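K.L.:
To be precise about what I am sending: the file is called work-v1.cif and holds mmCIF, C-alpha atoms and all ligand atoms.
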data_structure
#
loop_
_atom_site.group_PDB
_atom_site.id
_atom_site.type_symbol
_atom_site.label_atom_id
_atom_site.label_comp_id
_atom_site.auth_asym_id
_atom_site.auth_seq_id
_atom_site.Cartn_x
_atom_site.Cartn_y
_atom_site.Cartn_z
ATOM 1 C CA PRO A 1 -14.113 -62.332 37.832
ATOM 2 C CA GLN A 2 -13.330 -63.728 34.381
ATOM 3 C CA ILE A 3 -13.296 -61.384 31.386
ATOM 4 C CA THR A 4 -13.617 -62.784 27.886
ATOM 5 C CA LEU A 5 -12.124 -60.829 25.012
ATOM 6 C CA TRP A 6 -14.969 -60.735 22.467
ATOM 7 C CA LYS A 7 -15.149 -57.020 23.276
ATOM 8 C CA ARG A 8 -12.679 -54.557 24.727
ATOM 9 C CA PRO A 9 -11.939 -55.373 28.410
ATOM 10 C CA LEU A 10 -13.252 -52.089 29.777
ATOM 11 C CA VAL A 11 -13.821 -51.685 33.512
ATOM 12 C CA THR A 12 -14.676 -48.835 35.851
ATOM 13 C CA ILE A 13 -11.795 -47.266 37.750
ATOM 14 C CA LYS A 14 -11.662 -44.577 40.423
ATOM 15 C CA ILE A 15 -8.729 -42.144 40.399
ATOM 16 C CA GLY A 16 -8.360 -38.616 41.729
ATOM 17 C CA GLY A 17 -11.921 -38.800 43.035
ATOM 18 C CA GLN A 18 -13.300 -39.477 39.537
ATOM 19 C CA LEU A 19 -14.830 -42.594 37.995
ATOM 20 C CA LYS A 20 -13.692 -43.523 34.487
ATOM 21 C CA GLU A 21 -13.673 -46.439 32.052
ATOM 22 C CA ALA A 22 -10.303 -48.017 31.238
ATOM 23 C CA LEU A 23 -8.813 -50.977 29.391
ATOM 24 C CA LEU A 24 -7.187 -53.833 31.264
ATOM 25 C CA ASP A 25 -4.154 -53.914 28.966
ATOM 26 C CA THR A 26 -1.554 -56.710 29.187
ATOM 27 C CA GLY A 27 0.334 -55.040 26.326
ATOM 28 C CA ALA A 28 1.131 -51.902 28.370
ATOM 29 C CA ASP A 29 4.024 -51.936 30.844
ATOM 30 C CA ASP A 30 2.645 -48.796 32.502
ATOM 31 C CA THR A 31 -0.716 -47.113 33.061
ATOM 32 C CA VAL A 32 -1.744 -44.232 30.785
ATOM 33 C CA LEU A 33 -4.781 -42.082 31.568
ATOM 34 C CA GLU A 34 -6.637 -39.391 29.652
ATOM 35 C CA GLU A 35 -5.835 -35.775 30.440
ATOM 36 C CA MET A 36 -6.868 -34.905 33.990
ATOM 37 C CA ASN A 37 -5.701 -32.160 36.354
ATOM 38 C CA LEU A 38 -4.231 -34.214 39.177
ATOM 39 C CA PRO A 39 -2.514 -32.361 42.048
ATOM 40 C CA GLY A 40 1.094 -32.851 43.041
ATOM 41 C CA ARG A 41 4.473 -32.952 41.357
ATOM 42 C CA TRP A 42 5.072 -34.771 38.084
ATOM 43 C CA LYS A 43 7.869 -35.560 35.647
ATOM 44 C CA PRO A 44 7.704 -35.262 31.828
ATOM 45 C CA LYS A 45 7.902 -38.443 29.764
ATOM 46 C CA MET A 46 7.447 -39.537 26.160
ATOM 47 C CA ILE A 47 5.848 -42.884 25.357
ATOM 48 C CA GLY A 48 5.564 -44.594 22.011
ATOM 49 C CA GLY A 49 3.323 -47.060 20.276
ATOM 50 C CA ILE A 50 1.572 -47.488 16.957
ATOM 51 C CA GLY A 51 1.646 -44.101 15.253
ATOM 52 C CA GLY A 52 4.557 -42.704 17.273
ATOM 53 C CA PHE A 53 4.975 -40.879 20.565
ATOM 54 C CA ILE A 54 2.877 -38.696 22.848
ATOM 55 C CA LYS A 55 4.018 -36.505 25.728
ATOM 56 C CA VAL A 56 2.709 -37.431 29.184
ATOM 57 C CA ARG A 57 3.091 -36.367 32.807
ATOM 58 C CA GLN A 58 4.320 -39.043 35.200
ATOM 59 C CA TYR A 59 2.697 -39.056 38.648
ATOM 60 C CA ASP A 60 3.977 -41.500 41.269
ATOM 61 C CA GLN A 61 2.189 -43.256 44.156
ATOM 62 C CA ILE A 62 -1.307 -42.510 42.854
ATOM 63 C CA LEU A 63 -4.229 -44.359 44.439
ATOM 64 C CA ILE A 64 -6.472 -46.084 41.911
ATOM 65 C CA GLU A 65 -9.322 -48.553 42.382
ATOM 66 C CA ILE A 66 -9.994 -51.083 39.607
ATOM 67 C CA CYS A 67 -13.250 -53.063 39.919
ATOM 68 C CA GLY A 68 -13.184 -52.530 43.665
ATOM 69 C CA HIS A 69 -9.557 -53.712 43.837
ATOM 70 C CA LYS A 70 -7.285 -51.050 45.313
ATOM 71 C CA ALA A 71 -3.874 -50.319 43.818
ATOM 72 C CA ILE A 72 -1.205 -47.630 44.096
ATOM 73 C CA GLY A 73 1.526 -46.861 41.595
ATOM 74 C CA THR A 74 2.698 -44.712 38.718
ATOM 75 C CA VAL A 75 0.185 -43.214 36.289
ATOM 76 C CA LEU A 76 1.043 -41.360 33.087
ATOM 77 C CA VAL A 77 -1.368 -38.564 32.143
ATOM 78 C CA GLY A 78 -1.652 -37.195 28.635
ATOM 79 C CA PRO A 79 -3.585 -37.062 25.357
ATOM 80 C CA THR A 80 -4.216 -40.766 25.063
ATOM 81 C CA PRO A 81 -7.410 -41.748 23.213
ATOM 82 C CA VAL A 82 -8.241 -44.375 25.864
ATOM 83 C CA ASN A 83 -7.537 -45.041 29.522
ATOM 84 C CA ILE A 84 -5.027 -47.900 29.788
ATOM 85 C CA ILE A 85 -4.439 -49.995 32.908
ATOM 86 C CA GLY A 86 -0.986 -51.478 32.492
ATOM 87 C CA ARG A 87 0.922 -54.307 34.090
ATOM 88 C CA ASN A 88 2.242 -52.104 36.897
ATOM 89 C CA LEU A 89 -1.304 -52.043 38.306
ATOM 90 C CA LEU A 90 -2.679 -55.298 36.854
ATOM 91 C CA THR A 91 -0.237 -57.305 38.998
ATOM 92 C CA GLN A 92 -1.489 -55.476 42.084
ATOM 93 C CA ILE A 93 -5.090 -56.618 41.516
ATOM 94 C CA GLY A 94 -4.050 -60.224 40.885
ATOM 95 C CA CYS A 95 -4.803 -60.196 37.145
ATOM 96 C CA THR A 96 -3.630 -63.085 34.950
ATOM 97 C CA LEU A 97 -4.037 -64.272 31.368
ATOM 98 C CA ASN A 98 -5.353 -67.816 31.011
ATOM 99 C CA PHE A 99 -5.783 -70.149 28.049
ATOM 100 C CA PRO B 1 -1.202 -71.807 30.882
ATOM 101 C CA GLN B 2 -1.811 -69.191 33.558
ATOM 102 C CA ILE B 3 0.396 -66.187 32.766
ATOM 103 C CA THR B 4 1.196 -63.646 35.452
ATOM 104 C CA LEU B 5 2.034 -60.072 34.507
ATOM 105 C CA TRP B 6 5.177 -59.164 36.458
ATOM 106 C CA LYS B 7 6.932 -59.630 33.094
ATOM 107 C CA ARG B 8 5.814 -58.825 29.561
ATOM 108 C CA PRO B 9 3.532 -61.636 28.290
ATOM 109 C CA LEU B 10 5.852 -62.586 25.425
ATOM 110 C CA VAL B 11 5.277 -65.856 23.577
ATOM 111 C CA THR B 12 6.655 -67.605 20.542
ATOM 112 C CA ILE B 13 4.389 -67.635 17.502
ATOM 113 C CA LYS B 14 4.587 -69.471 14.173
ATOM 114 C CA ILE B 15 3.412 -67.686 11.028
ATOM 115 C CA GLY B 16 4.316 -68.281 7.403
ATOM 116 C CA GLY B 17 6.386 -71.199 8.690
ATOM 117 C CA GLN B 18 8.699 -68.929 10.713
ATOM 118 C CA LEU B 19 9.045 -68.547 14.476
ATOM 119 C CA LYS B 20 8.825 -65.082 16.036
ATOM 120 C CA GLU B 21 8.262 -63.531 19.447
ATOM 121 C CA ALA B 22 5.050 -61.586 20.060
ATOM 122 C CA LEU B 23 3.279 -59.780 22.886
ATOM 123 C CA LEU B 24 -0.124 -60.929 24.144
ATOM 124 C CA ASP B 25 -1.984 -57.622 24.109
ATOM 125 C CA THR B 26 -5.521 -57.408 25.504
ATOM 126 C CA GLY B 27 -5.555 -53.668 24.703
ATOM 127 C CA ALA B 28 -5.268 -54.417 20.965
ATOM 128 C CA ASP B 29 -8.372 -55.114 18.878
ATOM 129 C CA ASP B 30 -6.177 -56.405 16.076
ATOM 130 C CA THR B 31 -2.953 -58.318 15.568
ATOM 131 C CA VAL B 32 -0.108 -56.212 14.162
ATOM 132 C CA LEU B 33 3.286 -57.651 13.236
ATOM 133 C CA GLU B 34 6.508 -55.941 12.212
ATOM 134 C CA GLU B 35 7.534 -55.841 8.556
ATOM 135 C CA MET B 36 7.900 -59.347 7.142
ATOM 136 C CA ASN B 37 7.286 -61.399 4.011
ATOM 137 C CA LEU B 38 4.009 -63.347 3.981
ATOM 138 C CA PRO B 39 2.518 -65.414 1.139
ATOM 139 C CA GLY B 40 -0.892 -64.615 -0.299
ATOM 140 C CA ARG B 41 -2.866 -61.542 -1.246
ATOM 141 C CA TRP B 42 -3.206 -58.479 0.967
ATOM 142 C CA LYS B 43 -5.087 -55.192 1.068
ATOM 143 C CA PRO B 44 -3.827 -51.737 2.116
ATOM 144 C CA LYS B 45 -5.379 -50.627 5.410
ATOM 145 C CA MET B 46 -4.938 -48.024 8.150
ATOM 146 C CA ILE B 47 -4.715 -48.692 11.893
ATOM 147 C CA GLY B 48 -4.585 -46.216 14.777
ATOM 148 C CA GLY B 49 -2.724 -46.495 18.062
ATOM 149 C CA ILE B 50 -1.657 -44.287 20.956
ATOM 150 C CA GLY B 51 0.449 -42.088 18.682
ATOM 151 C CA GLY B 52 -1.642 -41.824 15.531
ATOM 152 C CA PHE B 53 -2.288 -43.845 12.399
ATOM 153 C CA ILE B 54 -0.045 -46.054 10.265
ATOM 154 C CA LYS B 55 -0.404 -47.846 6.941
ATOM 155 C CA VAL B 56 -0.441 -51.640 7.145
ATOM 156 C CA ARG B 57 -0.880 -54.632 4.865
ATOM 157 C CA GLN B 58 -3.935 -56.696 5.819
ATOM 158 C CA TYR B 59 -3.655 -60.465 5.370
ATOM 159 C CA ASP B 60 -6.917 -62.305 5.953
ATOM 160 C CA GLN B 61 -7.422 -65.905 7.032
ATOM 161 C CA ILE B 62 -3.768 -66.479 7.952
ATOM 162 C CA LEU B 63 -2.666 -69.568 9.852
ATOM 163 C CA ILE B 64 -0.815 -68.599 13.024
ATOM 164 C CA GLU B 65 0.121 -70.712 16.037
ATOM 165 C CA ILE B 66 0.423 -68.882 19.363
ATOM 166 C CA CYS B 67 2.087 -70.602 22.317
ATOM 167 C CA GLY B 68 1.052 -73.969 20.896
ATOM 168 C CA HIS B 69 -2.540 -72.943 20.075
ATOM 169 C CA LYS B 70 -3.696 -72.645 16.476
ATOM 170 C CA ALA B 71 -5.577 -69.629 15.145
ATOM 171 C CA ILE B 72 -6.678 -68.550 11.679
ATOM 172 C CA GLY B 73 -7.458 -64.893 11.222
ATOM 173 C CA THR B 74 -6.435 -61.427 10.185
ATOM 174 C CA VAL B 75 -2.829 -60.276 10.546
ATOM 175 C CA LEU B 76 -1.761 -56.690 9.886
ATOM 176 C CA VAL B 77 1.860 -56.106 8.835
ATOM 177 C CA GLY B 78 3.461 -52.700 9.215
ATOM 178 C CA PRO B 79 5.637 -50.343 11.274
ATOM 179 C CA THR B 80 4.410 -51.380 14.694
ATOM 180 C CA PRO B 81 7.001 -50.972 17.479
ATOM 181 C CA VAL B 82 6.378 -54.543 18.695
ATOM 182 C CA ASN B 83 4.704 -57.697 17.401
ATOM 183 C CA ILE B 84 1.327 -57.729 19.163
ATOM 184 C CA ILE B 85 -1.321 -60.453 19.324
ATOM 185 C CA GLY B 86 -4.712 -58.772 19.653
ATOM 186 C CA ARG B 87 -8.178 -59.877 20.696
ATOM 187 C CA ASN B 88 -9.079 -61.161 17.218
ATOM 188 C CA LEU B 89 -6.645 -64.041 17.840
ATOM 189 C CA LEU B 90 -6.659 -64.109 21.655
ATOM 190 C CA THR B 91 -10.337 -65.102 21.503
ATOM 191 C CA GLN B 92 -9.498 -67.970 19.127
ATOM 192 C CA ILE B 93 -7.051 -69.556 21.578
ATOM 193 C CA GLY B 94 -9.514 -69.194 24.449
ATOM 194 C CA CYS B 95 -7.683 -66.429 26.280
ATOM 195 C CA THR B 96 -9.376 -64.669 29.201
ATOM 196 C CA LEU B 97 -8.398 -62.186 31.878
ATOM 197 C CA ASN B 98 -8.933 -63.339 35.450
ATOM 198 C CA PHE B 99 -8.572 -61.678 38.836
HETATM 199 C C1 LIG C 101 2.962 -52.583 22.406
HETATM 200 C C2 LIG C 101 1.613 -51.859 22.400
HETATM 201 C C3 LIG C 101 1.376 -51.234 21.025
HETATM 202 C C4 LIG C 101 1.621 -50.797 23.496
HETATM 203 N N1 LIG C 101 0.318 -50.158 23.638
HETATM 204 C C5 LIG C 101 -0.728 -50.852 24.375
HETATM 205 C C6 LIG C 101 -1.731 -51.467 23.397
HETATM 206 O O1 LIG C 101 -2.604 -52.310 24.086
HETATM 207 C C7 LIG C 101 -2.552 -50.391 22.693
HETATM 208 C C8 LIG C 101 -3.523 -49.717 23.660
HETATM 209 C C9 LIG C 101 -4.371 -48.737 22.857
HETATM 210 C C10 LIG C 101 -3.789 -47.404 22.401
HETATM 211 C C11 LIG C 101 -4.652 -46.452 21.584
HETATM 212 C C12 LIG C 101 -6.084 -46.827 21.233
HETATM 213 C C13 LIG C 101 -6.658 -48.159 21.684
HETATM 214 C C14 LIG C 101 -5.798 -49.116 22.495
HETATM 215 N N2 LIG C 101 -3.354 -51.035 21.676
HETATM 216 C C15 LIG C 101 -3.117 -50.864 20.264
HETATM 217 O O2 LIG C 101 -2.294 -50.113 19.825
HETATM 218 O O3 LIG C 101 -3.924 -51.669 19.457
HETATM 219 C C16 LIG C 101 -3.913 -51.478 17.974
HETATM 220 C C17 LIG C 101 -3.889 -52.584 17.447
HETATM 221 O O4 LIG C 101 -5.347 -53.042 17.488
HETATM 222 C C18 LIG C 101 -6.149 -51.765 17.448
HETATM 223 O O5 LIG C 101 -7.127 -51.685 18.770
HETATM 224 C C19 LIG C 101 -6.699 -50.731 19.528
HETATM 225 C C20 LIG C 101 -5.862 -49.840 18.637
HETATM 226 C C21 LIG C 101 -5.328 -50.823 17.516
HETATM 227 S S1 LIG C 101 0.362 -48.458 23.771
HETATM 228 O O6 LIG C 101 -0.945 -47.884 24.062
HETATM 229 O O7 LIG C 101 0.846 -47.874 22.526
HETATM 230 C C22 LIG C 101 1.547 -48.141 25.074
HETATM 231 C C23 LIG C 101 2.942 -47.719 24.665
HETATM 232 C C24 LIG C 101 3.982 -47.477 25.733
HETATM 233 C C25 LIG C 101 3.590 -47.666 27.183
HETATM 234 C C26 LIG C 101 4.636 -47.445 28.257
HETATM 235 O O8 LIG C 101 4.570 -48.558 29.104
HETATM 236 C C27 LIG C 101 4.348 -46.190 29.051
HETATM 237 O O9 LIG C 101 5.422 -45.980 29.933
HETATM 238 C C28 LIG C 101 2.191 -48.106 27.590
HETATM 239 C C29 LIG C 101 1.146 -48.353 26.524
#
Now, as a test, write the supplied structure out as structure tokens.
P.N.:
Amino acid sequence: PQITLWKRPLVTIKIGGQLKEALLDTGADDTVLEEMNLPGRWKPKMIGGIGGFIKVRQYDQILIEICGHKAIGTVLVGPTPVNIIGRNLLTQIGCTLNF
Amino acid sequence: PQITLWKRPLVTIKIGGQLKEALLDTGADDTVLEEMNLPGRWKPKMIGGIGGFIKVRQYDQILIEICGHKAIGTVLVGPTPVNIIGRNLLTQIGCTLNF
């Protein structure tokens, strides 16, 4: 589809057997998701933006479906205020910016 | 242009007569630029990101050219980690997400 940017580009995702709403975010290298108790091993990470840094847990090779488009990659889990789909997954669903 | 997302969507912008590099950021409501001198009046404002809230200077109705496309809108100036072009200007240059 084509998503205009009058409003936040929120879409439904499926991850860890749960459906959630997330931003398609060209300004994020990586994908950051709200706190959720995913199984498996993880690595600590700190990530920074406006306001400073938050601590997250890095999970690798996580399956995630974005608007019916399947992807698999790294997801960072932590106290983010919003679910953020970053470029590591946006490339996998064929997403581009156009103007 | 059509911009793929294997790399950061960085573009050259012109504001206050000066060229800078900025990130096209669909996850940003607003445009936030690093500390700089800009002519005109401004108002103190607050903006929140992944890590909390920061104080910024709000410049309204500012001329800014983004990758060869003119926009006139609000620009926030403050301690952002990266110059980001948000939806308030992305809409003005006709930017959409497509997949
Ligand atoms: C360069 C950007 C600042 C990076 N960021 C993505 C932005 O899109 C961000 C996404 C967002 C965060 C919190 C609330 C709402 C949106 N937007 C945002 O700050 O926008 C400002 C401005 O306009 C206002 O609207 C929204 C909130 C206001 S990030 O999140 O800090 C981030 C940092 C490091 C990673 C590493 O890649 C991980 O490894 C991934 C993602």
K.L.:
Select, from B:5, B:13, B:88, B:96, the residue with the minimum atom-to-atom distance to ligand LIG 101 (chain C), counting all atoms listed in the file.
P.N.:
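Of B:5, B:13, B:88, B:96, the one nearest ligand LIG 101 (chain C), counting all atoms listed in the file, is B:88.
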K.L.:
Would you list the contacts of residue 4 (chain A) as a list in words, taking every protein, DNA or RNA residue within 12 Å and counting all atoms listed in the file, but skipping same-chain residues closer than 3 positions in sequence?
P.N.:
residues 1, 7, 8, 9, 10, 24, 97, 98 and 99 of chain A; 26, 87, 88, 90, 91, 92, 93, 94, 95, 96, 97 and 98 of chain B
K.L.:
When you draw a straight line from CA of residue 39 (chain B) to atom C18 of ligand LIG 101 (chain C), how long is it in Å?
P.N.:
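Between CA of residue 39 (chain B) and atom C18 of ligand LIG 101 (chain C) the gap is 23.0 Å.
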K.L.:
If the PyMOL selection byres (((not hetatm)) within 8 of (chain C and resi 101)) is run on the structure shown, which residues does it catch, given as a VMD selection string?
P.N.:
(chain A and resid 23 25 to 32 45 to 50 76 80 to 82 84 86) or (chain B and resid 23 25 to 32 47 to 51 80 to 84 86)
K.L.:
Run the PyMOL selection byres (((chain A and resi 56) around 10) and not hetatm) mentally over the shown coordinates, then write out the matched residues as JSON, numbers by chain, using the chain letters and numbers from the document.
P.N.:
{"A": [32, 33, 34, 35, 42, 43, 44, 45, 46, 47, 53, 54, 55, 57, 58, 59, 75, 76, 77, 78, 79, 80]}
K.L.:
Applied to this file, what does the PyMOL selection byres (((chain A and resi 15) around 8) and not hetatm) return in terms of residues, put as JSON, numbers by chain?
P.N.:
{"A": [13, 14, 16, 17, 18, 19, 20, 62, 63, 64, 65]}
K.L.:
Please give the centre and size of the box around region 46-59 of chain A (axis-aligned, containing every atom listed in the file, 3 Å added per side), with values in Å to one decimal and written as AutoDock Vina command-line options.
P.N.:
--center_x 4.5 --center_y -41.9 --center_z 27.0 --size_x 11.9 --size_y 17.1 --size_z 29.4
K.L.:
Using all atoms listed in the file, which of B:38, B:61, B:72, B:67 sits nearest chain A?
P.N.:
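For chain A, the nearest of the given residues is B:67.
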K.L.:
State, in Å with one decimal place, the distance from CA of residue 40 (chain B) to CA of residue 74 (chain B).
P.N.:
12.3 Å
K.L.:
Which is closest to residue 66 (chain A) among A:37, A:2, A:52, A:21, if we use only C-alpha atoms?
P.N.:
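So, comparing all the options, the nearest one is A:21.
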K.L.:
Using only C-alpha atoms, find the one residue out of B:71, B:3, B:36, B:85 that sits nearest to chain A.
P.N.:
B:3
